[PDB]
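Undergrad: Got a file for you: input_35.pdb, PDB, C-alpha atoms.
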ATOM      1  CA  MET A   1     -44.971 182.468 -74.944  1.00  0.00           C
ATOM      2  CA  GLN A   2     -45.358 179.314 -72.867  1.00  0.00           C
ATOM      3  CA  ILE A   3     -43.111 176.277 -72.468  1.00  0.00           C
ATOM      4  CA  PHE A   4     -43.927 173.199 -70.377  1.00  0.00           C
ATOM      5  CA  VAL A   5     -40.703 171.954 -68.760  1.00  0.00           C
ATOM      6  CA  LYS A   6     -41.472 168.532 -67.253  1.00  0.00           C
ATOM      7  CA  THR A   7     -39.429 167.598 -64.175  1.00  0.00           C
ATOM      8  CA  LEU A   8     -39.186 163.776 -64.095  1.00  0.00           C
ATOM      9  CA  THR A   9     -42.022 162.487 -61.831  1.00  0.00           C
ATOM     10  CA  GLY A  10     -44.543 165.056 -63.157  1.00  0.00           C
ATOM     11  CA  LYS A  11     -43.642 168.485 -61.741  1.00  0.00           C
ATOM     12  CA  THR A  12     -44.484 170.627 -64.787  1.00  0.00           C
ATOM     13  CA  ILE A  13     -42.752 174.003 -64.884  1.00  0.00           C
ATOM     14  CA  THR A  14     -44.982 176.348 -66.910  1.00  0.00           C
ATOM     15  CA  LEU A  15     -42.682 179.189 -68.015  1.00  0.00           C
ATOM     16  CA  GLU A  16     -43.356 182.365 -69.980  1.00  0.00           C
ATOM     17  CA  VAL A  17     -40.390 182.520 -72.388  1.00  0.00           C
ATOM     18  CA  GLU A  18     -39.315 185.410 -74.596  1.00  0.00           C
ATOM     19  CA  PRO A  19     -38.875 185.598 -78.420  1.00  0.00           C
ATOM     20  CA  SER A  20     -35.271 186.538 -77.412  1.00  0.00           C
ATOM     21  CA  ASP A  21     -34.868 183.720 -74.896  1.00  0.00           C
ATOM     22  CA  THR A  22     -31.695 181.796 -74.029  1.00  0.00           C
ATOM     23  CA  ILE A  23     -31.063 178.562 -72.141  1.00  0.00           C
ATOM     24  CA  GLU A  24     -29.213 179.894 -69.045  1.00  0.00           C
ATOM     25  CA  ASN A  25     -31.915 182.636 -69.011  1.00  0.00           C
ATOM     26  CA  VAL A  26     -34.558 179.806 -69.048  1.00  0.00           C
ATOM     27  CA  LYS A  27     -32.510 178.100 -66.274  1.00  0.00           C
ATOM     28  CA  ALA A  28     -32.783 181.413 -64.324  1.00  0.00           C
ATOM     29  CA  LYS A  29     -36.586 181.379 -65.011  1.00  0.00           C
ATOM     30  CA  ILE A  30     -36.587 177.843 -63.430  1.00  0.00           C
ATOM     31  CA  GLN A  31     -34.243 178.956 -60.565  1.00  0.00           C
ATOM     32  CA  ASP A  32     -37.098 181.334 -59.689  1.00  0.00           C
ATOM     33  CA  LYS A  33     -40.291 179.123 -59.542  1.00  0.00           C
ATOM     34  CA  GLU A  34     -38.568 175.770 -58.754  1.00  0.00           C
ATOM     35  CA  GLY A  35     -35.371 176.995 -56.956  1.00  0.00           C
ATOM     36  CA  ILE A  36     -33.033 174.715 -58.950  1.00  0.00           C
ATOM     37  CA  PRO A  37     -29.426 175.981 -59.735  1.00  0.00           C
ATOM     38  CA  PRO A  38     -27.904 175.566 -63.277  1.00  0.00           C
ATOM     39  CA  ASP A  39     -25.735 172.408 -62.836  1.00  0.00           C
ATOM     40  CA  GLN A  40     -28.635 170.620 -61.123  1.00  0.00           C
ATOM     41  CA  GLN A  41     -30.778 171.530 -64.139  1.00  0.00           C
ATOM     42  CA  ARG A  42     -30.073 169.156 -67.053  1.00  0.00           C
ATOM     43  CA  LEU A  43     -32.715 169.902 -69.724  1.00  0.00           C
ATOM     44  CA  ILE A  44     -33.676 167.539 -72.611  1.00  0.00           C
ATOM     45  CA  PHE A  45     -35.405 168.606 -75.860  1.00  0.00           C
ATOM     46  CA  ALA A  46     -35.857 167.101 -79.387  1.00  0.00           C
ATOM     47  CA  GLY A  47     -32.861 164.771 -80.020  1.00  0.00           C
ATOM     48  CA  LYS A  48     -30.649 166.768 -77.672  1.00  0.00           C
ATOM     49  CA  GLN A  49     -29.690 166.878 -74.025  1.00  0.00           C
ATOM     50  CA  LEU A  50     -29.238 170.616 -73.475  1.00  0.00           C
ATOM     51  CA  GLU A  51     -26.261 172.638 -72.200  1.00  0.00           C
ATOM     52  CA  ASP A  52     -26.219 176.162 -70.673  1.00  0.00           C
ATOM     53  CA  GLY A  53     -25.283 179.056 -73.042  1.00  0.00           C
ATOM     54  CA  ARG A  54     -27.422 178.527 -76.161  1.00  0.00           C
ATOM     55  CA  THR A  55     -30.608 180.178 -77.541  1.00  0.00           C
ATOM     56  CA  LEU A  56     -34.120 178.671 -77.584  1.00  0.00           C
ATOM     57  CA  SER A  57     -34.056 179.013 -81.420  1.00  0.00           C
ATOM     58  CA  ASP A  58     -30.805 176.897 -81.618  1.00  0.00           C
ATOM     59  CA  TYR A  59     -32.556 173.865 -80.141  1.00  0.00           C
ATOM     60  CA  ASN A  60     -35.860 174.662 -81.981  1.00  0.00           C
ATOM     61  CA  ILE A  61     -37.773 175.516 -78.770  1.00  0.00           C
ATOM     62  CA  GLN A  62     -40.969 177.414 -79.563  1.00  0.00           C
ATOM     63  CA  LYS A  63     -44.452 178.196 -78.182  1.00  0.00           C
ATOM     64  CA  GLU A  64     -46.192 175.378 -76.233  1.00  0.00           C
ATOM     65  CA  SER A  65     -43.049 173.223 -76.197  1.00  0.00           C
ATOM     66  CA  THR A  66     -42.672 170.213 -73.906  1.00  0.00           C
ATOM     67  CA  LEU A  67     -39.120 170.157 -72.555  1.00  0.00           C
ATOM     68  CA  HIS A  68     -37.974 167.592 -69.971  1.00  0.00           C
ATOM     69  CA  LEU A  69     -35.867 168.436 -66.893  1.00  0.00           C
ATOM     70  CA  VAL A  70     -33.483 165.886 -65.345  1.00  0.00           C
ATOM     71  CA  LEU A  71     -32.291 166.724 -61.816  1.00  0.00           C
ATOM     72  CA  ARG A  72     -28.562 166.219 -61.088  1.00  0.00           C
TER      73      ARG A  72
ATOM     74  CA  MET B   1      -2.988 155.080 -54.085  1.00  0.00           C
ATOM     75  CA  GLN B   2      -4.258 152.104 -56.076  1.00  0.00           C
ATOM     76  CA  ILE B   3      -7.905 151.824 -57.209  1.00  0.00           C
ATOM     77  CA  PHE B   4      -9.635 149.379 -59.555  1.00  0.00           C
ATOM     78  CA  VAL B   5     -11.768 151.184 -62.152  1.00  0.00           C
ATOM     79  CA  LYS B   6     -13.690 148.320 -63.741  1.00  0.00           C
ATOM     80  CA  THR B   7     -16.037 148.335 -66.665  1.00  0.00           C
ATOM     81  CA  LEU B   8     -19.089 146.060 -66.423  1.00  0.00           C
ATOM     82  CA  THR B   9     -17.787 144.685 -69.766  1.00  0.00           C
ATOM     83  CA  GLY B  10     -14.931 142.650 -68.198  1.00  0.00           C
ATOM     84  CA  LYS B  11     -12.082 145.221 -68.105  1.00  0.00           C
ATOM     85  CA  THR B  12     -10.198 146.350 -64.943  1.00  0.00           C
ATOM     86  CA  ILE B  13      -8.342 149.676 -65.258  1.00  0.00           C
ATOM     87  CA  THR B  14      -5.894 149.582 -62.318  1.00  0.00           C
ATOM     88  CA  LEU B  15      -4.909 153.182 -61.513  1.00  0.00           C
ATOM     89  CA  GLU B  16      -2.598 154.893 -59.025  1.00  0.00           C
ATOM     90  CA  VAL B  17      -4.819 157.865 -58.066  1.00  0.00           C
ATOM     91  CA  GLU B  18      -4.358 160.927 -55.852  1.00  0.00           C
ATOM     92  CA  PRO B  19      -6.364 162.109 -52.793  1.00  0.00           C
ATOM     93  CA  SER B  20      -6.645 165.356 -54.877  1.00  0.00           C
ATOM     94  CA  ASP B  21      -8.185 163.592 -57.926  1.00  0.00           C
ATOM     95  CA  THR B  22     -11.512 164.998 -59.179  1.00  0.00           C
ATOM     96  CA  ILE B  23     -13.547 162.692 -61.418  1.00  0.00           C
ATOM     97  CA  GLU B  24     -12.634 164.383 -64.744  1.00  0.00           C
ATOM     98  CA  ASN B  25      -8.960 164.131 -63.601  1.00  0.00           C
ATOM     99  CA  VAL B  26      -9.489 160.337 -63.183  1.00  0.00           C
ATOM    100  CA  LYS B  27     -11.334 160.384 -66.574  1.00  0.00           C
ATOM    101  CA  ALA B  28      -8.258 162.136 -68.086  1.00  0.00           C
ATOM    102  CA  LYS B  29      -6.049 159.330 -66.653  1.00  0.00           C
ATOM    103  CA  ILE B  30      -8.534 156.822 -68.212  1.00  0.00           C
ATOM    104  CA  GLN B  31      -8.195 158.836 -71.492  1.00  0.00           C
ATOM    105  CA  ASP B  32      -4.378 158.462 -71.240  1.00  0.00           C
ATOM    106  CA  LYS B  33      -4.480 154.773 -70.253  1.00  0.00           C
ATOM    107  CA  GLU B  34      -7.452 153.288 -72.218  1.00  0.00           C
ATOM    108  CA  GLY B  35      -8.208 155.999 -74.863  1.00  0.00           C
ATOM    109  CA  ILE B  36     -11.672 157.132 -73.680  1.00  0.00           C
ATOM    110  CA  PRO B  37     -12.532 160.932 -73.788  1.00  0.00           C
ATOM    111  CA  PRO B  38     -14.186 162.647 -70.719  1.00  0.00           C
ATOM    112  CA  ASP B  39     -18.018 163.092 -70.994  1.00  0.00           C
ATOM    113  CA  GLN B  40     -18.292 159.718 -72.776  1.00  0.00           C
ATOM    114  CA  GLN B  41     -17.410 158.164 -69.382  1.00  0.00           C
ATOM    115  CA  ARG B  42     -19.700 157.770 -66.359  1.00  0.00           C
ATOM    116  CA  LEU B  43     -18.163 156.611 -63.049  1.00  0.00           C
ATOM    117  CA  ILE B  44     -20.274 154.568 -60.573  1.00  0.00           C
ATOM    118  CA  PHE B  45     -19.200 154.043 -56.937  1.00  0.00           C
ATOM    119  CA  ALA B  46     -21.268 151.203 -55.388  1.00  0.00           C
ATOM    120  CA  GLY B  47     -24.594 152.147 -57.073  1.00  0.00           C
ATOM    121  CA  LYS B  48     -24.312 155.949 -57.244  1.00  0.00           C
ATOM    122  CA  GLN B  49     -23.170 157.830 -60.370  1.00  0.00           C
ATOM    123  CA  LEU B  50     -20.709 160.580 -59.500  1.00  0.00           C
ATOM    124  CA  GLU B  51     -20.767 164.358 -59.837  1.00  0.00           C
ATOM    125  CA  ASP B  52     -17.798 166.015 -61.594  1.00  0.00           C
ATOM    126  CA  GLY B  53     -15.599 168.479 -59.578  1.00  0.00           C
ATOM    127  CA  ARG B  54     -15.778 166.489 -56.340  1.00  0.00           C
ATOM    128  CA  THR B  55     -12.697 164.573 -55.154  1.00  0.00           C
ATOM    129  CA  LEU B  56     -11.950 160.896 -54.468  1.00  0.00           C
ATOM    130  CA  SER B  57     -11.341 162.084 -50.865  1.00  0.00           C
ATOM    131  CA  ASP B  58     -14.892 163.646 -50.727  1.00  0.00           C
ATOM    132  CA  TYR B  59     -16.456 160.353 -51.949  1.00  0.00           C
ATOM    133  CA  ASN B  60     -14.154 158.278 -49.639  1.00  0.00           C
ATOM    134  CA  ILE B  61     -12.694 156.407 -52.655  1.00  0.00           C
ATOM    135  CA  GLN B  62      -9.477 155.213 -50.992  1.00  0.00           C
ATOM    136  CA  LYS B  63      -7.097 152.327 -51.840  1.00  0.00           C
ATOM    137  CA  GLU B  64      -8.417 148.979 -53.206  1.00  0.00           C
ATOM    138  CA  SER B  65     -11.703 150.748 -54.149  1.00  0.00           C
ATOM    139  CA  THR B  66     -13.587 149.144 -57.042  1.00  0.00           C
ATOM    140  CA  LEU B  67     -15.299 151.730 -59.245  1.00  0.00           C
ATOM    141  CA  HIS B  68     -17.524 150.814 -62.205  1.00  0.00           C
ATOM    142  CA  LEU B  69     -17.135 152.751 -65.465  1.00  0.00           C
ATOM    143  CA  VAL B  70     -19.997 152.795 -67.979  1.00  0.00           C
ATOM    144  CA  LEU B  71     -20.285 154.864 -71.182  1.00  0.00           C
ATOM    145  CA  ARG B  72     -23.121 157.330 -71.955  1.00  0.00           C
TER     146      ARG B  72
END
Kindly present the structure from the file in structure tokens form.

TA:
Amino acid sequence: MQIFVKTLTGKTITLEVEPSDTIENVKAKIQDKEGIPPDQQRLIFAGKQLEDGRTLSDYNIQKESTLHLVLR
Amino acid sequence: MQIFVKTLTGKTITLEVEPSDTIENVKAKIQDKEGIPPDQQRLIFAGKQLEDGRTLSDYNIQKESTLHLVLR
């Protein structure tokens, strides 16, 4: 199912994410397509700045979700 | 070696720091001295916010260096 991770100035990472998916797994799915390693990926979604080892369900990330990505 | 970790809000935290000091090690010495826990602190040198496990030697933060501490 798709998520739209939006990297700052507009670079929108369309990712196919699993029903099983996890946040370091999603960082690996970004480290593909965008080439960005996990420290340099700081994600933001719904109230929360995100970490590394959590699920997508934890943060309430679902189908057609806009996440934001902060580089650094 | 003596550095001046200021806040923008008036305060100067005068610290004897190491050439081996990483930023969280300086943040731990700020936790000791002024009571502030680690990832509440953000260190600025000049106008750049710092990465974590890099040293004061890497950044060239030597003696008499004024750093600026903000909280977020």

Undergrad: What is the atom CA of residue B:58-atom CA of residue B:7 distance in Å, reported with one decimal?

TA: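 Pair atom CA of residue B:58 / atom CA of residue B:7 returns 22.1 Å.
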
Undergrad: Taking all C-alpha atoms matched one to one in order, superimpose chain B on chain A and note the resulting RMSD in Å.

TA: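 1.2 Å is the C-alpha RMSD between the two chains.
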
Undergrad: Using the chain letters and numbering of this document, enumerate as number ranges by chain the residues selected by the PyMOL selection byres ((chain B) within 12 of (chain A)).

TA: B: 48-53, 72

Undergrad: Go ahead and compute the interatomic distance for atom CA of residue A:33 and atom CA of residue A:47, in Å to one decimal.

TA: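 We find that atom CA of residue A:33 and atom CA of residue A:47 lie 26.1 Å from each other.
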
Undergrad: Separation of atom CA of residue B:3 and atom CA of residue B:37, in Å?

TA: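 Spanning atom CA of residue B:3 to atom CA of residue B:37 is a straight-line distance of 19.5 Å.
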
Undergrad: Identify, on the basis of all atoms listed in the file, every residue whose closest approach to residue A:26 does not exceed 9 Å; exclude the query and any residue fewer than 3 positions from it along the same chain; express the result as a compact mmCIF listing (two decimals) with C-alpha atoms, keeping the file's coordinate frame.

TA:
# COMPACT_ATOMS: atom_id res chain seq x y z
CA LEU A 15 -42.68 179.19 -68.02
CA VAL A 17 -40.39 182.52 -72.39
CA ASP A 21 -34.87 183.72 -74.90
CA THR A 22 -31.70 181.80 -74.03
CA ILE A 23 -31.06 178.56 -72.14
CA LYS A 29 -36.59 181.38 -65.01
CA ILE A 30 -36.59 177.84 -63.43
CA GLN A 31 -34.24 178.96 -60.56
CA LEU A 56 -34.12 178.67 -77.58

Undergrad: Running the PyMOL selection byres ((chain B and resi 2) around 8) on this model by hand, what would come out? Give it as a ChimeraX atom specification.

TA: /B:1,3-4,14-17,62-65

Undergrad: Can you list, as a list in words, every protein, DNA or RNA residue that comes within 10 Å of residue B:8 when you count all atoms listed in the file, leaving out same-chain residues fewer than 5 positions away?

TA: residues 67, 68, 69 and 70 of chain B

Undergrad: Output C-alpha atoms for every residue in the selection just made, as a PDB file, in the frame of the given file.

TA:
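Saved to out.pdb:
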ATOM      1  CA  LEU B  67     -15.299 151.730 -59.245  1.00  0.00           C
ATOM      2  CA  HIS B  68     -17.524 150.814 -62.205  1.00  0.00           C
ATOM      3  CA  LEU B  69     -17.135 152.751 -65.465  1.00  0.00           C
ATOM      4  CA  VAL B  70     -19.997 152.795 -67.979  1.00  0.00           C
TER       5      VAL B  70
END

Undergrad: For residue B:54, which residue out of B:66, B:32, B:11, B:19 is the nearest one, using all atoms listed in the file?

TA: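 Nearest candidate to residue B:54 out of B:66, B:32, B:11, B:19: B:19.
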